[PDB]
>>> print(open('upload04.cif').read())   # mmCIF, C-alpha atoms and all ligand atoms; chains and numbers go by the auth columns
data_start
loop_
_atom_site.group_PDB
_atom_site.id
_atom_site.type_symbol
_atom_site.label_atom_id
_atom_site.label_comp_id
_atom_site.label_asym_id
_atom_site.label_seq_id
_atom_site.Cartn_x
_atom_site.Cartn_y
_atom_site.Cartn_z
_atom_site.B_iso_or_equiv
_atom_site.auth_seq_id
_atom_site.auth_asym_id
ATOM 1 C CA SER A 1 0.000 0.000 0.000 0.00 9 T
ATOM 2 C CA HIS A 2 1.729 3.147 -1.282 0.00 10 T
ATOM 3 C CA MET A 3 -0.314 5.880 0.418 0.00 11 T
ATOM 4 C CA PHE A 4 0.183 9.228 2.103 0.00 12 T
ATOM 5 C CA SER A 5 -1.329 9.023 5.592 0.00 13 T
ATOM 6 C CA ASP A 6 -0.654 12.486 6.969 0.00 14 T
ATOM 7 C CA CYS A 7 -0.236 16.085 5.867 0.00 15 T
ATOM 8 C CA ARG A 8 0.565 19.154 7.959 0.00 16 T
ATOM 9 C CA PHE A 9 2.876 22.150 7.685 0.00 17 T
ATOM 10 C CA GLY A 10 6.461 20.976 7.387 0.00 18 T
ATOM 11 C CA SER A 11 5.530 17.298 7.238 0.00 19 T
ATOM 12 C CA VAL A 12 3.898 14.515 5.216 0.00 20 T
ATOM 13 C CA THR A 13 3.754 10.770 5.818 0.00 21 T
ATOM 14 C CA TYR A 14 4.147 8.327 2.946 0.00 22 T
ATOM 15 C CA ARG A 15 4.152 4.549 3.338 0.00 23 T
ATOM 16 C CA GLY A 16 4.416 4.841 7.103 0.00 24 T
ATOM 17 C CA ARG A 17 7.373 7.193 7.083 0.00 25 T
ATOM 18 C CA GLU A 18 7.348 10.873 7.938 0.00 26 T
ATOM 19 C CA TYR A 19 9.273 13.320 5.752 0.00 27 T
ATOM 20 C CA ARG A 20 9.912 16.826 7.052 0.00 28 T
ATOM 21 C CA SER A 21 11.594 18.008 3.865 0.00 29 T
ATOM 22 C CA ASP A 22 10.449 18.238 0.236 0.00 30 T
ATOM 23 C CA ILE A 23 10.262 14.886 -1.534 0.00 31 T
ATOM 24 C CA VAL A 24 9.786 13.210 -4.878 0.00 32 T
ATOM 25 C CA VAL A 25 7.529 10.144 -4.959 0.00 33 T
ATOM 26 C CA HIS A 26 8.466 7.848 -7.849 0.00 34 T
ATOM 27 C CA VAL A 27 6.087 5.625 -9.833 0.00 35 T
ATOM 28 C CA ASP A 28 7.349 2.509 -8.039 0.00 36 T
ATOM 29 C CA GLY A 29 6.804 3.918 -4.543 0.00 37 T
ATOM 30 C CA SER A 30 10.391 5.062 -4.000 0.00 38 T
ATOM 31 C CA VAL A 31 11.160 8.384 -2.346 0.00 39 T
ATOM 32 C CA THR A 32 14.089 10.715 -3.006 0.00 40 T
ATOM 33 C CA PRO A 33 14.899 14.254 -1.817 0.00 41 T
ATOM 34 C CA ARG A 34 13.546 17.052 -3.981 0.00 42 T
ATOM 35 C CA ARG A 35 16.357 18.572 -6.062 0.00 43 T
ATOM 36 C CA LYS A 36 15.876 22.199 -5.021 0.00 44 T
ATOM 37 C CA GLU A 37 19.285 23.141 -6.483 0.00 45 T
ATOM 38 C CA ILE A 38 17.944 22.740 -10.007 0.00 46 T
ATOM 39 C CA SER A 39 15.507 25.595 -9.471 0.00 47 T
ATOM 40 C CA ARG A 40 17.800 27.655 -7.255 0.00 48 T
ATOM 41 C CA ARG A 41 20.408 27.636 -10.020 0.00 49 T
ATOM 42 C CA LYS A 42 17.901 28.643 -12.667 0.00 50 T
ATOM 43 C CA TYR A 43 15.832 31.202 -10.753 0.00 51 T
ATOM 44 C CA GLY A 44 17.906 32.152 -7.720 0.00 52 T
ATOM 45 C CA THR A 45 15.209 30.582 -5.552 0.00 53 T
ATOM 46 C CA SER A 46 13.598 27.161 -5.231 0.00 54 T
ATOM 47 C CA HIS A 47 10.178 28.775 -4.697 0.00 55 T
ATOM 48 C CA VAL A 48 9.812 28.757 -8.467 0.00 56 T
ATOM 49 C CA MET A 49 9.994 25.192 -9.734 0.00 57 T
ATOM 50 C CA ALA A 50 12.022 24.575 -12.864 0.00 58 T
ATOM 51 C CA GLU A 51 10.565 22.108 -15.362 0.00 59 T
ATOM 52 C CA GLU A 52 13.879 20.272 -15.180 0.00 60 T
ATOM 53 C CA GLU A 53 12.747 19.057 -11.746 0.00 61 T
ATOM 54 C CA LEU A 54 10.142 16.886 -13.516 0.00 62 T
ATOM 55 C CA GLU A 55 12.710 15.430 -15.924 0.00 63 T
ATOM 56 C CA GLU A 56 13.650 12.595 -13.563 0.00 64 T
ATOM 57 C CA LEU A 57 9.975 11.617 -13.391 0.00 65 T
ATOM 58 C CA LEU A 58 9.257 11.752 -17.130 0.00 66 T
ATOM 59 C CA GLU A 59 11.588 8.769 -17.525 0.00 67 T
ATOM 60 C CA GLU A 60 9.337 6.600 -15.355 0.00 68 T
ATOM 61 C CA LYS A 61 6.561 7.300 -17.864 0.00 69 T
ATOM 62 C CA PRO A 62 3.802 8.152 -15.359 0.00 70 T
ATOM 63 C CA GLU A 63 0.160 8.607 -16.371 0.00 71 T
ATOM 64 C CA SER A 64 -0.063 11.529 -13.972 0.00 72 T
ATOM 65 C CA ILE A 65 2.256 13.883 -12.143 0.00 73 T
ATOM 66 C CA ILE A 66 0.980 15.602 -9.032 0.00 74 T
ATOM 67 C CA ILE A 67 2.763 18.611 -7.602 0.00 75 T
ATOM 68 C CA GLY A 68 2.082 19.624 -4.026 0.00 76 T
ATOM 69 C CA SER A 69 2.608 23.391 -4.095 0.00 77 T
ATOM 70 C CA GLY A 70 2.981 23.289 -0.275 0.00 78 T
ATOM 71 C CA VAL A 71 0.964 24.108 2.828 0.00 79 T
ATOM 72 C CA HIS A 72 -0.810 27.403 1.876 0.00 80 T
ATOM 73 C CA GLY A 73 0.330 26.839 -1.721 0.00 81 T
ATOM 74 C CA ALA A 74 2.983 29.619 -1.856 0.00 82 T
ATOM 75 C CA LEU A 75 5.268 27.574 -4.242 0.00 83 T
ATOM 76 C CA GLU A 76 4.850 28.583 -7.910 0.00 84 T
ATOM 77 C CA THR A 77 5.356 26.713 -11.174 0.00 85 T
ATOM 78 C CA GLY A 78 7.607 28.161 -13.853 0.00 86 T
ATOM 79 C CA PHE A 79 6.127 26.202 -16.747 0.00 87 T
ATOM 80 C CA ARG A 80 3.044 24.711 -18.383 0.00 88 T
ATOM 81 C CA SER A 81 2.601 20.933 -18.226 0.00 89 T
ATOM 82 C CA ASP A 82 0.048 18.146 -17.829 0.00 90 T
ATOM 83 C CA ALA A 83 1.165 17.957 -14.191 0.00 91 T
ATOM 84 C CA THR A 84 -1.541 18.588 -11.596 0.00 92 T
ATOM 85 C CA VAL A 85 -0.606 21.384 -9.194 0.00 93 T
ATOM 86 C CA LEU A 86 -2.520 21.524 -5.911 0.00 94 T
ATOM 87 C CA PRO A 87 -1.967 22.687 -2.333 0.00 95 T
ATOM 88 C CA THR A 88 -0.006 19.862 -0.696 0.00 96 T
ATOM 89 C CA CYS A 89 -2.697 18.527 1.629 0.00 97 T
ATOM 90 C CA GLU A 90 -5.058 18.440 -1.373 0.00 98 T
ATOM 91 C CA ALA A 91 -2.312 16.959 -3.538 0.00 99 T
ATOM 92 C CA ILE A 92 -1.788 13.896 -1.338 0.00 100 T
ATOM 93 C CA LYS A 93 -5.494 13.101 -1.379 0.00 101 T
ATOM 94 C CA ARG A 94 -5.476 13.215 -5.173 0.00 102 T
ATOM 95 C CA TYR A 95 -2.353 11.047 -5.235 0.00 103 T
ATOM 96 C CA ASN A 96 -3.945 8.453 -2.965 0.00 104 T
ATOM 97 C CA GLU A 97 -6.949 8.538 -5.291 0.00 105 T
ATOM 98 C CA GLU A 98 -5.043 7.692 -8.457 0.00 106 T
ATOM 99 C CA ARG A 99 -2.609 5.323 -6.740 0.00 107 T
ATOM 100 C CA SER A 100 -5.640 3.584 -5.202 0.00 108 T
ATOM 101 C CA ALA A 101 -7.126 3.242 -8.685 0.00 109 T
ATOM 102 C CA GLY A 102 -3.887 1.641 -9.881 0.00 110 T
ATOM 103 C CA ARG A 103 -2.587 4.589 -11.943 0.00 111 T
ATOM 104 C CA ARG A 104 1.153 5.052 -12.536 0.00 112 T
ATOM 105 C CA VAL A 105 1.396 8.186 -10.403 0.00 113 T
ATOM 106 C CA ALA A 106 4.406 10.225 -9.326 0.00 114 T
ATOM 107 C CA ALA A 107 4.627 13.383 -7.245 0.00 115 T
ATOM 108 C CA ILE A 108 6.813 16.209 -6.013 0.00 116 T
ATOM 109 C CA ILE A 109 5.672 17.502 -2.638 0.00 117 T
ATOM 110 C CA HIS A 110 6.543 20.820 -1.001 0.00 118 T
ATOM 111 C CA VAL A 111 5.993 20.589 2.769 0.00 119 T
ATOM 112 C CA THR A 112 6.108 24.310 3.627 0.00 120 T
ATOM 113 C CA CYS A 113 4.750 27.542 2.148 0.00 121 T
HETATM 114 CL CL CL B . 14.252 13.318 2.600 0.00 201 F
HETATM 115 CL CL CL B . 11.503 25.900 -1.505 0.00 202 F
#
>>> encode(input="upload04.cif", output="structure tokens", more="lines below")
Ligand SMILES: [Cl-]
Ligand SMILES: [Cl-]
Amino acid sequence: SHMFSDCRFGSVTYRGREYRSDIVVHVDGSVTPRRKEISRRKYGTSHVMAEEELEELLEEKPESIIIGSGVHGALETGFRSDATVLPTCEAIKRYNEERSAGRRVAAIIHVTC
């Protein structure tokens, strides 16, 4: 069962483990740290997400990419894509939805504003 089971400022729980930093959820259920440097190098801040951040996910050929824009959704997207951007606590619900339905879903979650 690859589900998020908790969302709150500064923290989300995925597959029984709490993450207090931004994370990338891969199609297979794996979790890796969000690569904030990609965006910091391109924009001078990681508050604007570079499309390059999605590049590692595009390889897994997901049917849907969900982006948790954070708690209070301050984080902004610097591109147009099929990816679904939603406030984090709304993003995890949507992820659980699709994952529950069996969809190849991947996500990038921002735990703060
Ligand atoms: Cl982490
Ligand atoms: Cl950030």
>>> resolve_selection(input="upload04.cif", expression="the PyMOL selection byres (((chain T and resi 63) around 12) and not hetatm)", output="PyMOL selection string")
chain T and resi 32+34+43+46+57-62+64-70+73+89+91+114+116
>>> residues_near_ligand(input="upload04.cif", ligand="ligand CL 201 (chain F)", cutoff="6 Å", atoms="all atoms listed in the file", output="JSON, numbers by chain")
{"T": [27, 29, 31, 41]}
>>> closest_residue(input="upload04.cif", among="T:81, T:71, T:90, T:51", to="residue 107 (chain T)", atoms="only C-alpha atoms")
T:71
>>> closest_atom_pairs(input="upload04.cif", of="chain T", to="ligand CL 202 (chain F)", cutoff="12 Å", atoms="only C-alpha atoms and all ligand atoms", output="CSV")
residue,atom,partner,partner_atom,distance
T:18,CA,F:CL202,CL,11.3
T:29,CA,F:CL202,CL,9.5
T:30,CA,F:CL202,CL,7.9
T:31,CA,F:CL202,CL,11.1
T:42,CA,F:CL202,CL,9.4
T:43,CA,F:CL202,CL,9.9
T:44,CA,F:CL202,CL,6.7
T:45,CA,F:CL202,CL,9.6
T:46,CA,F:CL202,CL,11.1
T:47,CA,F:CL202,CL,8.9
T:48,CA,F:CL202,CL,8.7
T:51,CA,F:CL202,CL,11.5
T:52,CA,F:CL202,CL,10.9
T:53,CA,F:CL202,CL,7.2
T:54,CA,F:CL202,CL,4.5
T:55,CA,F:CL202,CL,4.5
T:56,CA,F:CL202,CL,7.7
T:57,CA,F:CL202,CL,8.4
T:58,CA,F:CL202,CL,11.4
T:76,CA,F:CL202,CL,11.6
T:77,CA,F:CL202,CL,9.6
T:78,CA,F:CL202,CL,9.0
T:79,CA,F:CL202,CL,11.5
T:81,CA,F:CL202,CL,11.2
T:82,CA,F:CL202,CL,9.3
T:83,CA,F:CL202,CL,7.0
T:84,CA,F:CL202,CL,9.6
T:85,CA,F:CL202,CL,11.5
T:116,CA,F:CL202,CL,11.7
T:117,CA,F:CL202,CL,10.3
T:118,CA,F:CL202,CL,7.1
T:119,CA,F:CL202,CL,8.8
T:120,CA,F:CL202,CL,7.6
T:121,CA,F:CL202,CL,7.9
>>> write_last_selection(input="upload04.cif", atoms="C-alpha atoms", output="PDB file, keeping the file's coordinate frame")
ATOM      1  CA  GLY T  18       6.461  20.976   7.387  1.00  0.00           C
ATOM      2  CA  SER T  29      11.594  18.008   3.865  1.00  0.00           C
ATOM      3  CA  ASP T  30      10.449  18.238   0.236  1.00  0.00           C
ATOM      4  CA  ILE T  31      10.262  14.886  -1.534  1.00  0.00           C
ATOM      5  CA  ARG T  42      13.546  17.052  -3.981  1.00  0.00           C
ATOM      6  CA  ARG T  43      16.357  18.572  -6.062  1.00  0.00           C
ATOM      7  CA  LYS T  44      15.876  22.199  -5.021  1.00  0.00           C
ATOM      8  CA  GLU T  45      19.285  23.141  -6.483  1.00  0.00           C
ATOM      9  CA  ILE T  46      17.944  22.740 -10.007  1.00  0.00           C
ATOM     10  CA  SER T  47      15.507  25.595  -9.471  1.00  0.00           C
ATOM     11  CA  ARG T  48      17.800  27.655  -7.255  1.00  0.00           C
ATOM     12  CA  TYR T  51      15.832  31.202 -10.753  1.00  0.00           C
ATOM     13  CA  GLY T  52      17.906  32.152  -7.720  1.00  0.00           C
ATOM     14  CA  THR T  53      15.209  30.582  -5.552  1.00  0.00           C
ATOM     15  CA  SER T  54      13.598  27.161  -5.231  1.00  0.00           C
ATOM     16  CA  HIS T  55      10.178  28.775  -4.697  1.00  0.00           C
ATOM     17  CA  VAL T  56       9.812  28.757  -8.467  1.00  0.00           C
ATOM     18  CA  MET T  57       9.994  25.192  -9.734  1.00  0.00           C
ATOM     19  CA  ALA T  58      12.022  24.575 -12.864  1.00  0.00           C
ATOM     20  CA  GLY T  76       2.082  19.624  -4.026  1.00  0.00           C
ATOM     21  CA  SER T  77       2.608  23.391  -4.095  1.00  0.00           C
ATOM     22  CA  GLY T  78       2.981  23.289  -0.275  1.00  0.00           C
ATOM     23  CA  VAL T  79       0.964  24.108   2.828  1.00  0.00           C
ATOM     24  CA  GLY T  81       0.330  26.839  -1.721  1.00  0.00           C
ATOM     25  CA  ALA T  82       2.983  29.619  -1.856  1.00  0.00           C
ATOM     26  CA  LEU T  83       5.268  27.574  -4.242  1.00  0.00           C
ATOM     27  CA  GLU T  84       4.850  28.583  -7.910  1.00  0.00           C
ATOM     28  CA  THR T  85       5.356  26.713 -11.174  1.00  0.00           C
ATOM     29  CA  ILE T 116       6.813  16.209  -6.013  1.00  0.00           C
ATOM     30  CA  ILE T 117       5.672  17.502  -2.638  1.00  0.00           C
ATOM     31  CA  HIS T 118       6.543  20.820  -1.001  1.00  0.00           C
ATOM     32  CA  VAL T 119       5.993  20.589   2.769  1.00  0.00           C
ATOM     33  CA  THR T 120       6.108  24.310   3.627  1.00  0.00           C
ATOM     34  CA  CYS T 121       4.750  27.542   2.148  1.00  0.00           C
TER      35      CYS T 121
END
>>> atom_distance(input="upload04.cif", atom1="CA of residue 24 (chain T)", atom2="CA of residue 9 (chain T)")
9.7 Å
>>> atom_distance(input="upload04.cif", atom1="CA of residue 102 (chain T)", atom2="CA of residue 75 (chain T)")
10.1 Å
>>> closest_residue(input="upload04.cif", among="T:96, T:19, T:37, T:50", to="residue 112 (chain T)", atoms="all atoms listed in the file")
T:37
